[PDB]
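Peer 1: Pasting an experimental structure with its sequence.
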Amino acid sequence: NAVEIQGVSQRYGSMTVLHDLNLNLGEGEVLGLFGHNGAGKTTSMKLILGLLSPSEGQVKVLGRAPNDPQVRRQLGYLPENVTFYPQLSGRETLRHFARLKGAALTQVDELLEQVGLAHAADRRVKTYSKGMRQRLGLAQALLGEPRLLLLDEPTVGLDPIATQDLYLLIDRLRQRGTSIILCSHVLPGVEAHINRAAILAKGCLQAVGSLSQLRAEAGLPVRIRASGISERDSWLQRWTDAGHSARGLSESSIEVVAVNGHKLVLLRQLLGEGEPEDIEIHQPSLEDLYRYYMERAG
Amino acid sequence: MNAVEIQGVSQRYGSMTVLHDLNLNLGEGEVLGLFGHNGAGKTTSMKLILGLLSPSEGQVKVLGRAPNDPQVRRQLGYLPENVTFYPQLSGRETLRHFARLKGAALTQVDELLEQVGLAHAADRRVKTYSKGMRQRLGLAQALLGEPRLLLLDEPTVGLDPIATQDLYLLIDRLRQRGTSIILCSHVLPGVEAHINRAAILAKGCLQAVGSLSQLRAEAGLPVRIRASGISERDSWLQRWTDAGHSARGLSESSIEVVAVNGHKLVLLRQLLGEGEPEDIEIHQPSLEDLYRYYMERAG
Amino acid sequence: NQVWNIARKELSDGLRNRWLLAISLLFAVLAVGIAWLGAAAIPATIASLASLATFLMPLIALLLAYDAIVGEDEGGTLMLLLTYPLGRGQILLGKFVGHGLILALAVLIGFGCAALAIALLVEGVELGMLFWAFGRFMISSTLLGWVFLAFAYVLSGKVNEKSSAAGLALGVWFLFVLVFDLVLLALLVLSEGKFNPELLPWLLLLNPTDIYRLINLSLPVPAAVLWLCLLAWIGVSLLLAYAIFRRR
Amino acid sequence: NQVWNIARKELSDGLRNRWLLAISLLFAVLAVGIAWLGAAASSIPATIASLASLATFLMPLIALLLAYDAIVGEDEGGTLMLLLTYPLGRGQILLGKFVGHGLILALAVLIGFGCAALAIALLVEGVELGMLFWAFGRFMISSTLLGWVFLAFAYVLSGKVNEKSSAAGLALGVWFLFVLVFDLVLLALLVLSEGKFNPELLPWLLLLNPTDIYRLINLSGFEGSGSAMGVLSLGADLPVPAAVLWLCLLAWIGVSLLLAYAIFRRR
Amino acid sequence: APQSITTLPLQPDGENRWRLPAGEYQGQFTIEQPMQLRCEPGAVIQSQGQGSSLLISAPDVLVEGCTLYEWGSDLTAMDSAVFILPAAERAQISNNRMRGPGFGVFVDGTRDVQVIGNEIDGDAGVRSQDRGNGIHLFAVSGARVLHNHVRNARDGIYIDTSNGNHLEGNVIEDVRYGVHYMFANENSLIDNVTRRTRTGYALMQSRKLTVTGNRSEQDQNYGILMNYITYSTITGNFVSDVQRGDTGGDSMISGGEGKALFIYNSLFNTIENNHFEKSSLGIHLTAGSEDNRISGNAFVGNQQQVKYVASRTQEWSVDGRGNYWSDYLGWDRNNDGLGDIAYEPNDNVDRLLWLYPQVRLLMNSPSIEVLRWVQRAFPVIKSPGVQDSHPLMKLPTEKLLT
Ligand SMILES: [Mg+2]
């Protein structure tokens, strides 16, 4: 129960840019905020970090004040795009944040090998790529046993080998008891590692809870994609019956949106009898869940 | 009438041959995805489609011509990565300026501004734009005139998945009109629904080119047979061990089998008949683990 | 022609530069404030205006075009523009037309209000000589600015970052205004046995700021060579800038 | 303490600025050159008025090159929003930057006026070492204070502005206004009025310019002539002693640092 | 060569006083008796062009009202119009008209001679190298020469080794030198006006003399040239618009750019209350001529005020009062007549121009405009010049323009 935002109706400029979000976050859950880059997502991101005052509402980060200096040793925040200090080194930058956060200086060597930045340490940050600074930006976030991470688009501009390795670092931190908030926009792929999503739009927090909780709260068309089929154009005429918008993208690249009452027996219409090769059943994913919840806000 | 016929190029700078025996052949309507590192594997071949470089020991043939003929680039869109335009200029004025260079009609700038969705932010400065707002601006100059070949170097970085799915809707409108495009992306999940033929290449050579069914048939990767509520977990764990398949002990009455996808047709026959199940999902090997396998296949 | 289609950008981008409009207002106020203290208090006040436009018209030209080539490379538009139907010559010559008409207007706000401050504060200035002595002044101040435009295209194409382009544009401004003539004076007062002082009226021809003043101070050479040598400073350095721009 | 932990960064980040090390070696190669030309000509009140004018053109320049991107250089660099989520305040990442950039100016003028003193004691034979140490000790502990004014000036124009390319325009504007425009505005007010505007108010406008309070401290005993001073010849009409001129130099720090903190508190 | 008694003089009074009637005469004439001869205005005593026309050898002669014409031109045999012998002491030459190509009034060895109110038109065709002197004075003590009018002679009023004599109120126009002085110790000259002259006042090697109230209007290349004058006094002189030119002969001077005052090896002299107006050079101070009282002048309108090619300091203010400078951009807080800041008329780059004339091409450069500001900011590179503490704020010579 680390982050407990309750009843915050946050305004500035008499705009009321955030309205009545009740965002509880557990002690091991990996939350994901998925709002736009408007005043919806980043105001709640600024509020958890304690650099904003919550107008008409309490914020209990780690059961204490959001701006108290004892809880800021237990936070780690990866910002959006950070060219840190272009004349400083790799180690001396990370040594500088170790003295600020009060962490041990022996942690700085074992974070530059936990994150793969031992080959390019002790070099200038102006000689770093965009992906290398994210490796540096993660390295200060894991500093001084952080009980609450906060990653704001942690894997943009990053190699997919390093992206897959970053989430295994994230899944290591979930078992240790450190709640992580992914303020991200790279939504295909991130739903394999979060625990509860939180889609918010126009200030109001629309939906919250796990992925199975979101599909129970929102009936979505289950997507049935299929390529390499013995038939070519039959599925675009046979499978338009029960609200199935059968659409292809090649001679056989047919996606099928079943109405989730036929989620077990339309596969019996295909794989029970019928000869396909590349069968692909998805669930209602993150994006179509995100697409349904944004249009509900209008 | 293939759009891009890369016929045996060997690109080199010093002793480093930064591109070794690449041989691509892009069709007249395909959506091809170049995936690789940020370094000189992808970004030299992307510069070689354009007239920015020259084939050191090969040749390239864009639209049946050399890539530096001016009649080619009058019908060749391009959107680069991380471009920030002229920040003191305007949104409508920059696209009015790029229309004057490409030989496009000035009446085409008003449809292209609203097709990418920039009418709310046109006649405002480019310095007060987002990262995602500039990407819609840089897309809209790539559609200037009637382009026959695009090169969308990372079009979805910093974009909301409404506008990302809107972008591929513009792609599927474009490739059905007869405009074969090229993706040079790093973000792999989400793009595989519209890639007509992937083109994963590592640092040295060209690793793999084919359709998504053509890669998974060649590169043997496990399919993901994940079920829930068949009868119980252990009551149908027996069929995968008897037929020889790696099966996982999932949560409760739920069965995950990372099968070898050869028997996965006949593994799904007798599973489905007695099977009740509440919620399954069969995942083929994606673009990501295919890229993960082909990276480890070459170093 | 696409040499004008990229020139209309540089007018629209140059006239919204906040750094230029601050200096061009300060150039236009100081051109009145020199002309105010030269009439109430004509070759004596047009020479002090020549020392003003030797300070600021190289500085105005280097403020415009230090980020012409490398500012588009850091912005990413330079690699995009070469994939358009555009040669590398038409980008450079089109920027030279676009940045050229900016400081061809900055002397019309600079000296257009300075020559008005002379024709209305002398009361008997004999304006038939004024509009020819300022016609030789406004034309030669543009040609001085067009040299440093071509000097800025040389230093932009060589560097790879926008921060080190201003470190060279400050270095070109220091060297060609007030370091080349200080080592001309140091060759006089510290060397006398091996320095012929008759060679020094010819050594001003290696400096476009010096050729700018010699056609506002009217000399072993005539006037017509100095006009053809000021235009020669444009033509070599633009050809040098195109040779550097073809090696990016 | 957290004020030193962020001072140790700026002490190790400003010294890697190659633009800093050029114009702090330029301050060193000019302070030796003025004191050698002051030794070859003899001219004692001219070598004080030339060193105090050298540190008028350069110690605001080294201070404004250091600290123009102290607040907005971290804001547009992304690392300022990160720093507020560390156990810090906005008063500690400003006073720490003032201590961190202040020890550079305390070291950039100890190299400059340090070699200026060794180019007199090793050059002028038989000079009074007591008068040399006191006059050049007064140059050391007052060119830091002039530097710390323009350091605190740069924190005012960094917290108020929001772009580093536009912050350099204001830092160039403050360097032009206080050094060589206020000396020319006061000159043109005295020339065009022929000294008959105000015979009692005009020396008090020197206290509204910290470069002129800096010049009035070092030219206290070394007055000599009048044309070796210029517009600093109005200091004879100031009835304040020399100790108040020290206190108006510290008051130029503390008002423009509390203004620098109140601007940064609503950043 | 006849005598003055060989004419027809009608005596008005029998006390050696004569009156010559109207009518022309011919030839040279000689005065050997103390005859106070006057003349009617139609007494055109025209010689034929040879010899001294009116030689005077007797003391106490009041020559008055003659009109002399066309004497000789042998400057070596000294063909004058009025020759006055050393034995002709206390001669008065009052209100006479002379026109002829040689010496006008050649006196030598005389005492208390009075040359008053004459109009001496020298020549029109000779090249200002053989026109002869206007009022030549050769070692005379007492010579009261007052309010004459010398025009188009050679070197004006030449004076050689004459000790005590006054030159009061005489106008000298279009001559080579205005007033020439050669070894005239303890002299004096008041209120003279010199116009359009290749040197207004030649002061060569003459000590202890008083030069007061004199005027120089539009002379060429040398306003007041002082060579080797000691313990002198220069009070109230008005030197205006010394334009450039050349003397044409280059005998004792050289060509100049136009100097209102040229001090050459003059050690001690008081130069006060003058007015040097609209010249190219206000004052040229040579290196040998140092440490003299120069205070209270008005250096207005000059293109360059002081030329002092040296590195020695030169204070220009005795008793705390200095000079008025037109380009003095200074203030006056405590309301006295004096300025508050001192005025250096010369930079270091203003003396590189004198040493090297090729710096005139660089004189409009920004680096020179930087170097003019670097001297005003850094006084260590300021060479010790010709400054004056407390310069004047207003014009002190409000009466000399009248
Ligand atoms: Mg006074």
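Peer 2: Happy to help now that I have it. Numbers count the residues shown, from 1 in each chain, chains lettered A, B, ... in the order given.

Peer 1: Please work out which residue of chain A is closest to chain C.
Peer 2: Chain C sits closest to residue A:126 of chain A, with a gap of 9.1 Å, by CB to the nearest CB. C-beta: built from backbone N, CA, C; applies to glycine.

Peer 1: show me the contacts for that residue.
Peer 2: A:86-87 (CB atoms under 8 Å, 6 or more residues apart in numbering or on different chains).

Peer 1: isn't there a strand covering it?
Peer 2: No - looking at residue A:126 with DSSP: H, G, I helix; E, B strand; the rest coil, it is helix, so not inside a strand.

Peer 1: host element of the residue nearest the centre of chain C?
Peer 2: Closest residue to the average C-alpha location of chain C: residue C:145 at 1.8 Å, with CA atoms, centre = their mean. Assigned by DSSP states H and E, residue C:145 belongs to helix C:135-158.

Peer 1: how about the helix or strand just after that helix, does it reach chain E?
Peer 2: Sequence-wise, the next helix or strand downstream of helix C:135-158 (DSSP H and E) is helix C:162-178. Yes - contact of helix C:162-178 with chain E (CB under 8 Å from any CB of the partner chain) involves C:177-178.

Peer 1: can you give me the angle helix C:162-178 makes with helix D:164-180?
Peer 2: Orientation check (axes from the mean of the first three to the mean of the last three CA atoms, to 10 degrees): helix C:162-178 against helix D:164-180 gives 30 degrees.

Peer 1: sorry, back to before: as CSV, could you dump the C-alpha coordinates of the helix holding residue C:145?
Peer 2: Taking Å, rounded to 0.1, in the frame of the first residue of the first chain, the C-alpha atoms of helix C:135-158 are listed here in CSV:
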residue,chain,number,x,y,z
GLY,C,135,24.2,54.9,-52.0
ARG,C,136,27.9,54.0,-51.9
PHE,C,137,27.4,53.3,-48.2
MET,C,138,24.3,51.0,-48.3
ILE,C,139,25.6,49.0,-51.2
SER,C,140,29.1,48.4,-49.7
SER,C,141,27.6,47.6,-46.3
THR,C,142,25.5,44.8,-47.9
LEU,C,143,28.6,43.5,-49.7
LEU,C,144,30.6,43.4,-46.4
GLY,C,145,27.7,41.5,-44.9
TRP,C,146,27.6,39.1,-47.8
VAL,C,147,31.2,38.2,-47.2
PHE,C,148,30.6,37.3,-43.6
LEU,C,149,27.5,35.3,-44.7
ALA,C,150,29.8,33.3,-46.9
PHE,C,151,32.3,33.1,-44.0
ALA,C,152,29.5,31.7,-41.9
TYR,C,153,28.7,29.1,-44.5
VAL,C,154,32.4,27.9,-44.4
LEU,C,155,32.5,27.5,-40.6
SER,C,156,29.0,25.9,-40.4
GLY,C,157,29.8,23.2,-43.0
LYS,C,158,33.1,22.2,-41.3
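
Peer 1: Can you list the buried residues in that helix?
Peer 2: Neighbour counts over helix C:135-158 (16 or more other CB atoms under 10 Å in any protein chain shown) mark C:137-138, C:140-158 as buried.

Peer 1: how distant is it from the center of its chain?
Peer 2: Relative to its parent chain, helix C:135-158 has a centroid offset of 4 Å by CA atoms, centre = their mean, to the nearest Å.

Peer 1: Show me what residue of chain A gets nearest to chain E.
Peer 2: Residue nearest to chain E within chain A: residue A:87 (32.0 Å; CB to the nearest CB).

Peer 1: For that residue, give me its contacts.
Peer 2: With contacts taken as CB under 8 Å, 6+ apart, residue A:87 has the following neighbours: A:124-126, D:13, D:16-17.

Peer 1: Would you point out the most distant pair within those?
Peer 2: With distances taken as CB to CB, the most widely separated pair in the contacts of residue A:87 is A:125 and D:17, at 14.0 Å.

Peer 1: The residue in chain C that chain E sits nearest to: what's it in contact with?
Peer 2: Nearest to chain E in chain C, going by CB to the nearest CB, is residue C:178, at a distance of 3.8 Å. Contact analysis of residue C:178 by CB under 8 Å, 6+ apart lists E:365-367, E:370.

Peer 1: Can I get those residues in CSV including secondary structure?
Peer 2: Listed next are the contacts of residue C:178 as CSV, based on three-state DSSP:
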residue, secondary structure
E:365, coil
E:366, helix
E:367, helix
E:370, helix
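
Peer 1: Taking the residues you listed, tell me the two that lie furthest apart.
Peer 2: The widest separation within those (CB to CB) is 8.5 Å, between E:365 and E:370.

Peer 1: Quick one: neighbours of the one residue in the stretch 51-200 of chain E that gets nearest to chain D, just the number.
Peer 2: Across the stretch 51-200 of chain E, the shortest distance to chain D (CB to the nearest CB) belongs to residue E:200, at 32.2 Å. Residues contacting residue E:200 under the criterion other CB atoms under 10 Å in any protein chain shown number 33.
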